[PDB]
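Chemist: Residue numbers (the authors' numbering), protein chains in the order written: chain B, 936 to 984; chain A, 23 to 140, 145 to 502, 521 to 1082.
Virtual Cβ for every residue (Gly too), placed ideally from N, Cα, C.
The structure is reproduced here in structure tokens:
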């Protein structure tokens, strides 16, 4: 924290090796999702609400 | 001849060589220093550097005062205050702490030696390649020894201090060794030596000799100047009387420009400073790369600087602009444009309509328009007469109009687009005389601009000003400010299409008409898109785009355009563009906007907006044109009678609506301050806006006495039931006429950085931080903001003893005011009667039986933003003649967490005008948007790199203050608020515009120092004669 300013700081939490899965694996085509207006074409498989 | 050619060529090349050598000549730079112990004493001394960047420090401190300070004893010296906003962030404070000493600069840590360690008179430096604050003869205890010399620092000019002075806490005679002797920045405050002055006088006399030699040599065709003031002049007609009388009436009552105060303020300070400083934005840098016209204004300001008088060039250049346009441009443009009355009438009304919004201030775009017209009509004279001396004058005139502003490239564009016949005239006179004595005075008059522009500025300092302006400056919407689309963009384009389609028209001279087009087109392609000057300009084309309209109106006249279809389509284009123009709000820049027909809303005559009326008539004309396209008539008279000169009809409508807007503005707001009444009253020796801005010098005096008994938990302000009216019912931090944002804003008050809760109970128990200098010991606050549960509090206060029944008391006590806070229903003029919470003054009467019957209430006015510490205003006129007491009533009918109010008891303030209180002695920091409105108070003029300490900060309206002004003047990009916010503490007071209550005129902030703050001695030495030697770059942002 080499900073004398009041608007500078950091926080830390211990490292992890997360059990990652793809979106299509986790969120299938059964659960409806609120796809926002800017991203519909990028996600073609999940049916919306 | 053979007696004029040789002097023409020797004086031509002599003027050339001399004028090009004028930037690289010596100048006597008058430097200044600052040695800290002045006469032995150890009082603090303030010398706020305008450029906030000394060249060197060379501060030396012995070991005798670090052990003689107290156990706390923090400031042996420093170049920021003891407590300033970002004091450690900008300046070199050097304090001692319990286990360390700091030589901290710009939040970059330097020599941190121990306290018990602290020694051979330790010397600190901060040069260009300095900041090595070294301890001579001392060895470090932890670390490497590096020869044991404690040479510690960072090689960097970026990290230099911003010297506002030098402040300490120790008092009494100087120890031998204590001497802070800084070199201040003195680059631009120079005057030319004897050599450079003699070179200037010789270049001027040599070019005038060369010009008169050219005039002598050129008279070989004969053609003597006979019958002066040509026969087409002196035939004055009704359009001349209109565009003279209406121009004079606009000169009196009309609007100013946006940057009127920006030019006026720097013109006022430039005489005493002596180098034409761009006062506000950059680090006192002279915009002397191109500013000579400001020296004309600076010479003009020797006499009184009333707005009626200092804008006299904007009247004179309008008159000679018209008198050139009607009498010398339009007859040159052809027999048809001169024969038709409608053409001269359109030229007059388009001139006046383009002149009146933009260049009736001090922003010098009337002079650029006039100079571009002069160089155009002179290049016309050169073509039509077959001479070369009007062209040679048009060269230096184009150079001067290029010299006024960087948006004076229209004059160069005119010289380029009239360059081909000039070069034909050169090739024409090449046969008889030598080619060289003709081209030589041309390039002489082209380069004599350098003699005037580089009068007291060396090329080094102008390139330094240029690189500061590109480093931190900008590197590349109203009913009558979007006119630019009306008066070139639908006159020059149809005239262009007509000039193209018809190869030879009858009555239009094709040559000068095409050069008139080329000026307007060519200026766009290297001024509109490439140059960085805010778009939306119409000033420049006020002159030459006036004559373009005179070209257009005879082109679209029924005698030239044979097809009625095209004429009816053009009338549809006229009405469409007028619909486009009226779409926005009738809003003038700053103080012109005082009482305007539709300053807040869209202009709506008769319910529906007039934009709809123009769009309906445009669609009617469009379908009437399309039906003639289908049926192919071309002969229906109805069109002939309708489209007979639509350009001067449109321009007459724009001129009349603008002059009506400002006439309604002046007569609406008559007993108060208008633009017109200010300019008329300026003859009486009165200030423009200062004479009728009532300010209370003592906010803590004038409070109304309550009735005999209070009867509550929180004073008489709570009358009977303070429902859930908690004493400290306010947010954690709200401030005087501003919104407390998280991140630090540039131009802030002292209240931003204060104790969150005040450390005293008070007379009420409320420990809320009070604004406006209000004491918490005397004026009991009373709010209702408790987030636990909104319980809807409504209190009727106790009755207050109003002042005595006297009209001489009533005069100078118009307002009864309460310093309320929170969201409150109030009748502003920025927006309508909006609805916050309902707090209002319930006035009462009580002759019969003594007891006060509450006979109605009065609505408040308000100007400040929604959750702020404003103060509501109730006119004593709205209070009836016999009313002996008033009681504020409130109501928190709101279940939302973002709603609340605060109340303070009413007062009858001892108001005085600004000119009465703030005279012409105390210097004030007039902001860039407001200089022309306040003509009498001298600003914080600066002398040789140091300024006078400002006392007040007169400022524009809140929105323009926050969004436009403070961003222009902060320390991050030069600025005056770099030095005053670091030194002074601003505390905004209350101010009221007289007889216009509910108008946010602006603000007035009283500065207060933080120490004793004696003015500095400033020992100056003035022998330095550089050629083009600029010692290093100034400190700018990283």
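In the region 122 to 139 of chain A, which residues sit with their C-beta less than 7 Å from some C-beta in chain B, listed in chain order?
Modeler: Cβ contacts with chain B: 129.
Chemist: Go ahead and pull the three-state DSSP assignment for residue 64 of chain A.
Modeler: coil
Chemist: Could you tell me whether the Cβ atoms of residue 566 of chain A and residue 472 of chain A are closer together than 8 Å?
Modeler: no
Chemist: Keeping to the same chain, check which residues put their C-beta closer than 6 Å to that of residue 362 of chain A; ignore five residues upstream and five downstream.
Modeler: 551, 552 and 598
Chemist: Within a Cβ cutoff of 8 Å, which residues of the same chain sit near residue 870 of chain A, ignoring the five residues on either side of it in sequence?
Modeler: The residues are 877, 878, 880, 903, 904, 905, 906, 916 and 1042.
Chemist: Which two residues bound the contiguous alpha helix (DSSP H) that contains residue 659 of chain A?
Modeler: 654 to 675
Chemist: Please give the ranges of any alpha helix (DSSP H) in the region 388 to 475 of chain A, keeping only runs that are unbroken, at least 4 residues long and fully inside the region.
Modeler: 391 to 411, 415 to 430, 436 to 442, 445 to 456 and 462 to 473
Chemist: Any idea what DSSP makes of residue 919 of chain A, helix, strand or coil?
Modeler: strand
Chemist: Examine the Cβ distances between the region 636 to 645 of chain A and the region 667 to 683 of chain A and report whether three or more of them are shorter than 8 Å.
Modeler: Taking 8 Å as the limit for Cβ pairs, the verdict is that the region 667 to 683 of chain A does not touch the region 636 to 645 of chain A.
Chemist: Under 9 Å Cβ-Cβ, which residues of chain A neighbour residue 940 of chain B?
Modeler: 111 and 129
Chemist: For residue 768 of chain A, which residues of its own chain have a beta-carbon under 6 Å away from its beta-carbon, when the five flanking residues on both sides are left out?
Modeler: 835 and 837
Chemist: Going along the chain, which residues of its own chain have a beta-carbon closer than 6 Å to the beta-carbon of residue 933 of chain A, five neighbours each way excluded?
Modeler: Cβ neighbours of residue 933 of chain A beyond the five flanking positions: 840 and 886.
Chemist: Assuming residue 929 of chain A contacts residue 896 of chain A under a Cβ cut-off of 8 Å, what Cβ separation, rounded to an integer in Å, is found between them?
Modeler: 5 Å
Chemist: Cα separation between residue 826 of chain A and residue 1010 of chain A?
Modeler: 33 Å
Chemist: From the DSSP output, in three-state form, read off residue 206 of chain A for me.
Modeler: Residue 206 of chain A: coil per DSSP, three-state reduction.
Chemist: Determine the burial state of residue 378 of chain A: buried for a count of at least 16 other Cβ atoms within 10 Å of its Cβ, exposed for fewer.
Modeler: buried
Chemist: Would you call residue 986 of chain A buried or exposed, if buried means 16 or more other Cβ atoms sit within 10 Å of its Cβ?
Modeler: Counting Cβ neighbours within 10 Å, residue 986 of chain A comes out buried, since at least 16 surround it.
Chemist: Spatial neighbours of residue 777 of chain A within its chain, please: CB distance less than 7 Å, with the 5 preceding and 5 following residues excluded, ordered by chain position.
Modeler: 784 and 800
Chemist: Within a Cβ cutoff of 7 Å, which residues of the same chain sit near residue 200 of chain A, ignoring the five residues on either side of it in sequence?
Modeler: 59, 62 and 64
Chemist: Count the other CB atoms, across all protein chains shown, that sit within 10 Å of the CB of residue 429 of chain A; report buried if there are 16 or more and exposed otherwise.
Modeler: Buried.
Chemist: Taking just the CA atoms, how far does residue 717 of chain A sit from residue 815 of chain A?
Modeler: 27 Å
Chemist: Straight-line CA distance for residue 1046 of chain A to residue 531 of chain A?
Modeler: 34 Å
Chemist: Can you tell me the Cβ-Cβ gap for residue 479 of chain A and residue 465 of chain A, rounded? I've got them flagged as a contact below 8 Å.
Modeler: Not really, about 23 Å apart at Cβ, beyond 8 Å.
Chemist: Residues in its own chain within less than 6 Å of residue 153 of chain A by CB, not counting five upstream and five downstream?
Modeler: 78
Chemist: Tell me, please, which residues DSSP counts as bridged to residue 506 of chain A.
Modeler: Because chain A is numbered 502 and then 521 with no intervening positions, residue 506 of chain A cannot be located in this model.
Chemist: Let's see if you can read the secondary structure: which residues bound the alpha helix (DSSP H) around residue 144 of chain A?
Modeler: In this structure residue 144 of chain A is absent; chain A steps straight from 140 to 145.
Chemist: Relative to the C-alpha of residue 450 of chain A, which candidate in A:411, A:534 and A:434 has its C-alpha closest?
Modeler: Nearest neighbour of residue 450 of chain A by Cα position, chosen from A:411, A:534 and A:434, turns out to be A:411.
Chemist: For residue 980 of chain A and residue 540 of chain A, what's the separation of their Cα atoms in angstroms?
Modeler: 49 Å
Chemist: Going by CA-CA distance only, name the one from A:720, A:258, A:578 and A:828 that's closest to residue 332 of chain A.
Modeler: Among A:720, A:258, A:578 and A:828, the Cα nearest to that of residue 332 of chain A is on A:720.
Chemist: Relative to the C-alpha of residue 940 of chain A, which residue among A:949, A:866 and A:562 is closest?
Modeler: A:866
Chemist: Whole angstroms is fine: what's the gap from residue 999 of chain A's alpha carbon to residue 586 of chain A's?
Modeler: It is roughly 31 Å from the alpha-carbon of residue 999 of chain A to the alpha-carbon of residue 586 of chain A.
Chemist: Since residue 310 of chain A and residue 636 of chain A are thought to touch, with beta carbons under 8 Å apart, how far apart are those beta carbons, to the nearest angstrom?
Modeler: Wrong, their Cβ atoms sit about 30 Å apart, outside the cutoff.
Chemist: What three-state label does DSSP hand residue 681 of chain A in the structure shown?
Modeler: helix
Chemist: On the CB-based measure, 16 or more other CB atoms within 10 Å of its CB, does residue 386 of chain A come out buried or exposed?
Modeler: Per the 10 Å Cβ criterion, buried.
Chemist: Taking the alpha carbon of residue 653 of chain A as the point to measure from, which residue in A:685, A:235 and A:628 has its own alpha carbon closest?
Modeler: A:628
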